[PDB]
Amino acid sequence: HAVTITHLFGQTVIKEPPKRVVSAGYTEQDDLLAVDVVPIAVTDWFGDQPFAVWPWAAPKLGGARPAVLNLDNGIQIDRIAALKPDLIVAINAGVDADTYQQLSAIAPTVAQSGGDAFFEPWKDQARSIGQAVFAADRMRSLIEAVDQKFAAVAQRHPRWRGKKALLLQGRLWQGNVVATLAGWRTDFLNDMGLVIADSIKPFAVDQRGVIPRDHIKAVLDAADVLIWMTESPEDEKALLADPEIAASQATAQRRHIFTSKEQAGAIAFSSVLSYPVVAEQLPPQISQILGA
């Protein structure tokens, strides 16, 4: 039975479990590898990982060495054609109507389902991948396992319930703190019993809060715990050197968590394989700030 995928740019028919999959977006390799589909090409995002596959997903390669694509200057249409895929997964790749036509000329192409051309809700991406590679039941159990691990954190830490969190990018932008707005990207924090501080709501730009310099101190001080997606010790040092961050009660009362690079990657990938890394490695850090 062929699978018909309905997406932003129409429908894609996938006649059989595909043997040559290109992962054209920033994160889809995690959910593909999770259901034992090893892409023939993975697209790099950040962190300079071998084959752009981060450590939580690397084992599933079974030693394969996929081609590494990049989006530095758009989707690499000719490189994709040369790989002769039977399925292109381009959910998190910035596909538009023009690039959709180009990819579809090469092979059946699964695009995003809606208005997010990058970073659509992680479970929507997972379910679509699962359908596309004839692994829906397996992908369903893996999504459930994520929710269960975060629910188990909540059960072990009832004192956290209602405590206020912010999830911040690891670097300032042109002087501004950049927060993740409340949405699918913060559901994992809610699943552990935390609330997203509403101090960021007035500063919305698309899915982030871009905090004006004169509001940094008050906005950070609204939170009980601040999770910064730092990718190096230099990132942490630059945040603590910022005069507004340095003068906040968040700094005075040691409310900051600065992620390791691996932790920042696991949050950023938000996948069936990366979220269990967050559920393992973030709770001990939250306990140090909130108490167990």
# chains A, B, ... in the order shown; residues from 1 in each chain; ligands from 1

$ closest_atom_pairs --of "stretch 34-62 of chain A" --to "stretch 269-277 of chain A" --cutoff "8 Å" --atoms "only C-alpha atoms" --output "JSON lines"
{"residue": "A:34", "atom": "CA", "partner": "A:273", "partner_atom": "CA", "distance": 6.6}
{"residue": "A:56", "atom": "CA", "partner": "A:273", "partner_atom": "CA", "distance": 6.3}
{"residue": "A:57", "atom": "CA", "partner": "A:273", "partner_atom": "CA", "distance": 6.4}

$ write_last_selection --atoms "C-alpha atoms" --output "short mmCIF file (atom, residue, chain, number, x, y, z; two decimals), in the first residue's frame"
data_model
loop_
_atom_site.label_atom_id
_atom_site.label_comp_id
_atom_site.auth_asym_id
_atom_site.auth_seq_id
_atom_site.Cartn_x
_atom_site.Cartn_y
_atom_site.Cartn_z
CA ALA A 34 15.50 6.56 15.33
CA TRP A 56 22.93 10.65 20.69
CA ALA A 57 22.09 9.63 17.05
#

$ closest_residue --among "A:229, A:91, A:239, A:223" --to "residue A:163" --atoms "only C-alpha atoms"
A:223

$ closest_atom_pairs --of "stretch 103-195 of chain A" --to "stretch 280-288 of chain A" --cutoff "12 Å" --atoms "only C-alpha atoms" --output "JSON lines"
{"residue": "A:146", "atom": "CA", "partner": "A:280", "partner_atom": "CA", "distance": 11.0}
{"residue": "A:149", "atom": "CA", "partner": "A:280", "partner_atom": "CA", "distance": 8.5}
{"residue": "A:150", "atom": "CA", "partner": "A:280", "partner_atom": "CA", "distance": 9.1}
{"residue": "A:151", "atom": "CA", "partner": "A:283", "partner_atom": "CA", "distance": 11.8}
{"residue": "A:152", "atom": "CA", "partner": "A:283", "partner_atom": "CA", "distance": 10.7}
{"residue": "A:153", "atom": "CA", "partner": "A:283", "partner_atom": "CA", "distance": 7.2}
{"residue": "A:154", "atom": "CA", "partner": "A:283", "partner_atom": "CA", "distance": 9.6}
{"residue": "A:155", "atom": "CA", "partner": "A:283", "partner_atom": "CA", "distance": 12.0}
{"residue": "A:156", "atom": "CA", "partner": "A:283", "partner_atom": "CA", "distance": 10.0}
{"residue": "A:157", "atom": "CA", "partner": "A:287", "partner_atom": "CA", "distance": 8.5}
{"residue": "A:158", "atom": "CA", "partner": "A:287", "partner_atom": "CA", "distance": 11.5}
{"residue": "A:159", "atom": "CA", "partner": "A:287", "partner_atom": "CA", "distance": 10.0}
{"residue": "A:160", "atom": "CA", "partner": "A:287", "partner_atom": "CA", "distance": 8.8}
{"residue": "A:163", "atom": "CA", "partner": "A:286", "partner_atom": "CA", "distance": 10.7}
{"residue": "A:164", "atom": "CA", "partner": "A:286", "partner_atom": "CA", "distance": 11.4}
{"residue": "A:165", "atom": "CA", "partner": "A:286", "partner_atom": "CA", "distance": 9.8}
{"residue": "A:166", "atom": "CA", "partner": "A:286", "partner_atom": "CA", "distance": 11.9}
{"residue": "A:188", "atom": "CA", "partner": "A:282", "partner_atom": "CA", "distance": 10.9}
{"residue": "A:189", "atom": "CA", "partner": "A:282", "partner_atom": "CA", "distance": 10.1}
{"residue": "A:191", "atom": "CA", "partner": "A:283", "partner_atom": "CA", "distance": 12.0}
{"residue": "A:192", "atom": "CA", "partner": "A:283", "partner_atom": "CA", "distance": 8.7}
{"residue": "A:193", "atom": "CA", "partner": "A:283", "partner_atom": "CA", "distance": 11.5}
{"residue": "A:194", "atom": "CA", "partner": "A:286", "partner_atom": "CA", "distance": 10.3}

$ write_last_selection --atoms "N, CA and C atoms" --output "PDB file, in the first residue's frame"
ATOM      1  N   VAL A 146       9.425  10.084  24.968  1.00  0.00           N
ATOM      2  CA  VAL A 146       9.885  11.445  25.325  1.00  0.00           C
ATOM      3  C   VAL A 146       8.935  11.989  26.400  1.00  0.00           C
ATOM      4  N   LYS A 149       9.406  10.368  29.842  1.00  0.00           N
ATOM      5  CA  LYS A 149      10.651  10.694  30.574  1.00  0.00           C
ATOM      6  C   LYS A 149      10.459  12.054  31.233  1.00  0.00           C
ATOM      7  N   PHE A 150       9.910  13.058  30.529  1.00  0.00           N
ATOM      8  CA  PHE A 150       9.725  14.376  31.162  1.00  0.00           C
ATOM      9  C   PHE A 150       8.644  14.330  32.264  1.00  0.00           C
ATOM     10  N   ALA A 151       7.560  13.555  32.068  1.00  0.00           N
ATOM     11  CA  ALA A 151       6.526  13.379  33.112  1.00  0.00           C
ATOM     12  C   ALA A 151       7.153  12.738  34.371  1.00  0.00           C
ATOM     13  N   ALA A 152       8.131  11.825  34.195  1.00  0.00           N
ATOM     14  CA  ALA A 152       8.781  11.143  35.323  1.00  0.00           C
ATOM     15  C   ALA A 152       9.618  12.160  36.118  1.00  0.00           C
ATOM     16  N   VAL A 153      10.265  13.098  35.430  1.00  0.00           N
ATOM     17  CA  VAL A 153      10.981  14.220  36.110  1.00  0.00           C
ATOM     18  C   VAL A 153      10.010  14.981  37.027  1.00  0.00           C
ATOM     19  N   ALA A 154       8.819  15.309  36.511  1.00  0.00           N
ATOM     20  CA  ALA A 154       7.815  16.058  37.280  1.00  0.00           C
ATOM     21  C   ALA A 154       7.428  15.240  38.501  1.00  0.00           C
ATOM     22  N   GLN A 155       7.244  13.947  38.298  1.00  0.00           N
ATOM     23  CA  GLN A 155       6.764  13.111  39.436  1.00  0.00           C
ATOM     24  C   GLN A 155       7.803  13.082  40.566  1.00  0.00           C
ATOM     25  N   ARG A 156       9.101  13.093  40.255  1.00  0.00           N
ATOM     26  CA  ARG A 156      10.215  13.067  41.222  1.00  0.00           C
ATOM     27  C   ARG A 156      10.424  14.466  41.809  1.00  0.00           C
ATOM     28  N   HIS A 157       9.916  15.545  41.202  1.00  0.00           N
ATOM     29  CA  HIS A 157      10.195  16.920  41.696  1.00  0.00           C
ATOM     30  C   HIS A 157       8.915  17.737  41.789  1.00  0.00           C
ATOM     31  N   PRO A 158       7.960  17.332  42.661  1.00  0.00           N
ATOM     32  CA  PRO A 158       6.747  18.123  42.883  1.00  0.00           C
ATOM     33  C   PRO A 158       6.986  19.569  43.321  1.00  0.00           C
ATOM     34  N   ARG A 159       8.105  19.891  43.984  1.00  0.00           N
ATOM     35  CA  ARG A 159       8.389  21.259  44.466  1.00  0.00           C
ATOM     36  C   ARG A 159       8.563  22.210  43.272  1.00  0.00           C
ATOM     37  N   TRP A 160       8.874  21.697  42.069  1.00  0.00           N
ATOM     38  CA  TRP A 160       9.169  22.525  40.876  1.00  0.00           C
ATOM     39  C   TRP A 160       7.882  23.099  40.291  1.00  0.00           C
ATOM     40  N   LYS A 163       7.101  26.805  39.339  1.00  0.00           N
ATOM     41  CA  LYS A 163       8.320  27.634  39.321  1.00  0.00           C
ATOM     42  C   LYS A 163       8.549  28.147  37.905  1.00  0.00           C
ATOM     43  N   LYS A 164       9.062  29.360  37.798  1.00  0.00           N
ATOM     44  CA  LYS A 164       9.104  30.080  36.504  1.00  0.00           C
ATOM     45  C   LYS A 164      10.473  29.870  35.863  1.00  0.00           C
ATOM     46  N   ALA A 165      10.479  29.545  34.586  1.00  0.00           N
ATOM     47  CA  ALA A 165      11.696  29.314  33.781  1.00  0.00           C
ATOM     48  C   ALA A 165      11.720  30.267  32.576  1.00  0.00           C
ATOM     49  N   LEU A 166      12.921  30.547  32.067  1.00  0.00           N
ATOM     50  CA  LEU A 166      13.141  31.081  30.694  1.00  0.00           C
ATOM     51  C   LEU A 166      14.197  30.209  30.021  1.00  0.00           C
ATOM     52  N   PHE A 188       8.521  20.894  26.820  1.00  0.00           N
ATOM     53  CA  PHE A 188       9.317  19.979  27.667  1.00  0.00           C
ATOM     54  C   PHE A 188       9.478  20.578  29.051  1.00  0.00           C
ATOM     55  N   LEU A 189       9.605  21.897  29.180  1.00  0.00           N
ATOM     56  CA  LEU A 189       9.758  22.534  30.497  1.00  0.00           C
ATOM     57  C   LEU A 189       8.426  22.417  31.252  1.00  0.00           C
ATOM     58  N   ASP A 191       6.277  20.112  30.842  1.00  0.00           N
ATOM     59  CA  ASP A 191       6.120  18.691  31.172  1.00  0.00           C
ATOM     60  C   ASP A 191       6.876  18.335  32.487  1.00  0.00           C
ATOM     61  N   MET A 192       7.929  19.063  32.851  1.00  0.00           N
ATOM     62  CA  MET A 192       8.635  18.882  34.113  1.00  0.00           C
ATOM     63  C   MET A 192       7.983  19.688  35.255  1.00  0.00           C
ATOM     64  N   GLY A 193       6.926  20.454  34.983  1.00  0.00           N
ATOM     65  CA  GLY A 193       6.151  21.220  35.962  1.00  0.00           C
ATOM     66  C   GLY A 193       6.470  22.695  35.969  1.00  0.00           C
ATOM     67  N   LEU A 194       7.404  23.142  35.117  1.00  0.00           N
ATOM     68  CA  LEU A 194       7.792  24.582  35.100  1.00  0.00           C
ATOM     69  C   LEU A 194       6.805  25.361  34.209  1.00  0.00           C
TER      70      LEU A 194
END

$ residues_around --residues "residue A:247" --least-positions-apart "5" --cutoff "12 Å" --atoms "only C-alpha atoms" --output "PyMOL selection string"
chain A and resi 214+216-218+220-221+239-242+252-254

$ write_last_selection --atoms "C-alpha atoms" --output "compact mmCIF listing (two decimals), in the first residue's frame"
# COMPACT_ATOMS: atom_id res chain seq x y z
CA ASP A 214 16.78 48.59 29.32
CA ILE A 216 16.99 42.74 30.34
CA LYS A 217 17.33 43.00 34.12
CA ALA A 218 13.55 43.03 34.93
CA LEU A 220 15.42 37.85 33.63
CA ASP A 221 14.54 38.60 37.28
CA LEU A 239 26.77 36.57 29.04
CA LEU A 240 28.03 37.09 32.59
CA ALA A 241 30.23 40.05 31.38
CA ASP A 242 27.11 41.84 29.96
CA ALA A 252 23.33 37.71 42.31
CA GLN A 253 21.24 34.66 43.43
CA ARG A 254 22.87 32.12 40.97

$ residues_around --residues "residue A:176" --least-positions-apart "3" --cutoff "9 Å" --atoms "only C-alpha atoms" --output "number ranges by chain"
A: 171-173, 210-213, 216

$ residues_around --residues "residue A:79" --least-positions-apart "6" --cutoff "10 Å" --atoms "only C-alpha atoms" --output "list in words"
residues 41, 67, 68 and 69 of chain A

$ residues_around --residues "residue A:77" --least-positions-apart "2" --cutoff "7 Å" --atoms "only C-alpha atoms" --output "VMD selection string"
chain A and resid 75 79 to 81 102 to 103

$ select_by_dssp --residues "stretch 7-63 of chain A" --states "alpha helix (DSSP H)" --output "PyMOL selection string"
chain A and resi 28-34

$ write_last_selection --atoms "N, CA, C and O atoms" --output "PDB file, in the first residue's frame"
ATOM      1  N   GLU A  28      16.127  16.450  10.631  1.00  0.00           N
ATOM      2  CA  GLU A  28      15.329  15.242  10.312  1.00  0.00           C
ATOM      3  C   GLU A  28      16.142  13.955  10.461  1.00  0.00           C
ATOM      4  O   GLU A  28      15.553  12.897  10.635  1.00  0.00           O
ATOM      5  N   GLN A  29      17.468  14.043  10.436  1.00  0.00           N
ATOM      6  CA  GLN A  29      18.297  12.820  10.585  1.00  0.00           C
ATOM      7  C   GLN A  29      17.999  12.119  11.915  1.00  0.00           C
ATOM      8  O   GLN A  29      18.069  10.885  11.962  1.00  0.00           O
ATOM      9  N   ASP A  30      17.672  12.845  12.972  1.00  0.00           N
ATOM     10  CA  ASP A  30      17.430  12.185  14.272  1.00  0.00           C
ATOM     11  C   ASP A  30      16.229  11.244  14.158  1.00  0.00           C
ATOM     12  O   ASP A  30      16.271  10.078  14.624  1.00  0.00           O
ATOM     13  N   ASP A  31      15.105  11.765  13.688  1.00  0.00           N
ATOM     14  CA  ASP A  31      13.868  10.963  13.657  1.00  0.00           C
ATOM     15  C   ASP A  31      14.036   9.859  12.610  1.00  0.00           C
ATOM     16  O   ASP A  31      13.526   8.755  12.841  1.00  0.00           O
ATOM     17  N   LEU A  32      14.731  10.103  11.497  1.00  0.00           N
ATOM     18  CA  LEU A  32      14.992   8.995  10.525  1.00  0.00           C
ATOM     19  C   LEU A  32      15.862   7.889  11.188  1.00  0.00           C
ATOM     20  O   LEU A  32      15.482   6.695  11.110  1.00  0.00           O
ATOM     21  N   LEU A  33      16.961   8.242  11.828  1.00  0.00           N
ATOM     22  CA  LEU A  33      17.891   7.252  12.410  1.00  0.00           C
ATOM     23  C   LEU A  33      17.170   6.503  13.517  1.00  0.00           C
ATOM     24  O   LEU A  33      17.414   5.333  13.734  1.00  0.00           O
ATOM     25  N   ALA A  34      16.255   7.169  14.188  1.00  0.00           N
ATOM     26  CA  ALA A  34      15.500   6.563  15.333  1.00  0.00           C
ATOM     27  C   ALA A  34      14.696   5.354  14.905  1.00  0.00           C
ATOM     28  O   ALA A  34      14.514   4.411  15.745  1.00  0.00           O
TER      29      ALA A  34
END

$ atom_distance --atom1 "atom CA of residue A:94" --atom2 "atom CA of residue A:167"
23.8 Å

$ residues_around --residues "residue A:184" --least-positions-apart "2" --cutoff "7 Å" --atoms "only C-alpha atoms" --output "list in words"
residues 121, 186 and 187 of chain A

$ select_by_dssp --residues "stretch 112-250 of chain A" --states "strand (DSSP E or B)" --output "VMD selection string"
chain A and resid 164 to 169 173 176 to 180 195 to 196 204 to 205 208 to 211 225 to 229

$ closest_residue --among "A:48, A:236, A:224, A:137" --to "residue A:162" --atoms "only C-alpha atoms"
A:224

$ closest_atom_pairs --of "stretch 88-183 of chain A" --to "stretch 2-5 of chain A" --cutoff "10 Å" --atoms "only C-alpha atoms" --output "CSV"
residue,atom,partner,partner_atom,distance
A:108,CA,A:5,CA,9.9
A:109,CA,A:5,CA,9.3
A:110,CA,A:5,CA,7.0
A:111,CA,A:5,CA,9.1
A:113,CA,A:5,CA,9.4
A:128,CA,A:5,CA,7.5
A:129,CA,A:5,CA,9.6
A:131,CA,A:3,CA,7.2
A:132,CA,A:3,CA,6.8
A:133,CA,A:3,CA,8.8
A:134,CA,A:3,CA,7.8

$ decode --residues "stretch 113-182 of chain A" --atoms "C-alpha atoms" --output "PDB file, in the first residue's frame"
ATOM      1  CA  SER A 113       2.856  20.721   6.730  1.00  0.00           C
ATOM      2  CA  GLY A 114       2.302  24.464   7.420  1.00  0.00           C
ATOM      3  CA  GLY A 115       3.462  28.071   7.771  1.00  0.00           C
ATOM      4  CA  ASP A 116       6.785  27.068   9.516  1.00  0.00           C
ATOM      5  CA  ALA A 117       9.323  26.382   6.682  1.00  0.00           C
ATOM      6  CA  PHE A 118      11.876  25.722   9.509  1.00  0.00           C
ATOM      7  CA  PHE A 119      11.280  24.391  13.055  1.00  0.00           C
ATOM      8  CA  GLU A 120       7.650  23.230  12.723  1.00  0.00           C
ATOM      9  CA  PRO A 121       6.450  21.504  15.917  1.00  0.00           C
ATOM     10  CA  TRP A 122       8.768  18.579  16.648  1.00  0.00           C
ATOM     11  CA  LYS A 123       5.999  15.977  17.013  1.00  0.00           C
ATOM     12  CA  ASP A 124       4.463  17.014  13.665  1.00  0.00           C
ATOM     13  CA  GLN A 125       7.883  16.500  11.982  1.00  0.00           C
ATOM     14  CA  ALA A 126       8.373  13.131  13.784  1.00  0.00           C
ATOM     15  CA  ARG A 127       4.875  11.819  12.783  1.00  0.00           C
ATOM     16  CA  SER A 128       5.361  12.885   9.153  1.00  0.00           C
ATOM     17  CA  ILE A 129       8.806  11.166   8.968  1.00  0.00           C
ATOM     18  CA  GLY A 130       7.285   8.067  10.590  1.00  0.00           C
ATOM     19  CA  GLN A 131       4.522   7.931   7.974  1.00  0.00           C
ATOM     20  CA  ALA A 132       6.949   8.612   5.080  1.00  0.00           C
ATOM     21  CA  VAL A 133       9.334   5.720   5.965  1.00  0.00           C
ATOM     22  CA  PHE A 134       6.547   3.188   6.899  1.00  0.00           C
ATOM     23  CA  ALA A 135       7.475   3.322  10.657  1.00  0.00           C
ATOM     24  CA  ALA A 136       4.465   5.102  12.168  1.00  0.00           C
ATOM     25  CA  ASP A 137       3.966   2.591  15.060  1.00  0.00           C
ATOM     26  CA  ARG A 138       7.660   2.700  16.018  1.00  0.00           C
ATOM     27  CA  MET A 139       7.724   6.543  15.810  1.00  0.00           C
ATOM     28  CA  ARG A 140       4.545   6.686  17.968  1.00  0.00           C
ATOM     29  CA  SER A 141       6.267   4.726  20.814  1.00  0.00           C
ATOM     30  CA  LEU A 142       9.360   6.991  20.527  1.00  0.00           C
ATOM     31  CA  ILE A 143       7.283  10.205  20.825  1.00  0.00           C
ATOM     32  CA  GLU A 144       5.456   8.682  23.826  1.00  0.00           C
ATOM     33  CA  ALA A 145       8.827   7.745  25.435  1.00  0.00           C
ATOM     34  CA  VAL A 146       9.885  11.445  25.325  1.00  0.00           C
ATOM     35  CA  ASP A 147       6.681  12.597  27.060  1.00  0.00           C
ATOM     36  CA  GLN A 148       7.021   9.780  29.645  1.00  0.00           C
ATOM     37  CA  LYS A 149      10.651  10.694  30.574  1.00  0.00           C
ATOM     38  CA  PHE A 150       9.725  14.376  31.162  1.00  0.00           C
ATOM     39  CA  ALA A 151       6.526  13.379  33.112  1.00  0.00           C
ATOM     40  CA  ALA A 152       8.781  11.143  35.323  1.00  0.00           C
ATOM     41  CA  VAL A 153      10.981  14.220  36.110  1.00  0.00           C
ATOM     42  CA  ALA A 154       7.815  16.058  37.280  1.00  0.00           C
ATOM     43  CA  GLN A 155       6.764  13.111  39.436  1.00  0.00           C
ATOM     44  CA  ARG A 156      10.215  13.067  41.222  1.00  0.00           C
ATOM     45  CA  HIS A 157      10.195  16.920  41.696  1.00  0.00           C
ATOM     46  CA  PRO A 158       6.747  18.123  42.883  1.00  0.00           C
ATOM     47  CA  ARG A 159       8.389  21.259  44.466  1.00  0.00           C
ATOM     48  CA  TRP A 160       9.169  22.525  40.876  1.00  0.00           C
ATOM     49  CA  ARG A 161       5.494  22.803  39.996  1.00  0.00           C
ATOM     50  CA  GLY A 162       4.689  26.396  39.046  1.00  0.00           C
ATOM     51  CA  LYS A 163       8.320  27.634  39.321  1.00  0.00           C
ATOM     52  CA  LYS A 164       9.104  30.080  36.504  1.00  0.00           C
ATOM     53  CA  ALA A 165      11.696  29.314  33.781  1.00  0.00           C
ATOM     54  CA  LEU A 166      13.141  31.081  30.694  1.00  0.00           C
ATOM     55  CA  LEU A 167      14.974  29.324  27.832  1.00  0.00           C
ATOM     56  CA  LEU A 168      17.466  31.761  26.278  1.00  0.00           C
ATOM     57  CA  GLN A 169      19.797  31.624  23.276  1.00  0.00           C
ATOM     58  CA  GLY A 170      23.474  31.216  24.209  1.00  0.00           C
ATOM     59  CA  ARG A 171      24.538  34.600  22.722  1.00  0.00           C
ATOM     60  CA  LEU A 172      23.176  38.164  22.718  1.00  0.00           C
ATOM     61  CA  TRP A 173      22.104  39.603  19.339  1.00  0.00           C
ATOM     62  CA  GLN A 174      23.198  43.209  18.671  1.00  0.00           C
ATOM     63  CA  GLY A 175      23.004  43.738  22.523  1.00  0.00           C
ATOM     64  CA  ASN A 176      19.618  41.919  23.091  1.00  0.00           C
ATOM     65  CA  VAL A 177      18.815  38.772  25.126  1.00  0.00           C
ATOM     66  CA  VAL A 178      16.909  36.345  22.863  1.00  0.00           C
ATOM     67  CA  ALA A 179      14.312  34.156  24.663  1.00  0.00           C
ATOM     68  CA  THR A 180      12.271  31.271  23.310  1.00  0.00           C
ATOM     69  CA  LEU A 181       8.619  32.361  23.526  1.00  0.00           C
ATOM     70  CA  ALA A 182       6.123  29.940  25.174  1.00  0.00           C
TER      71      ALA A 182
END
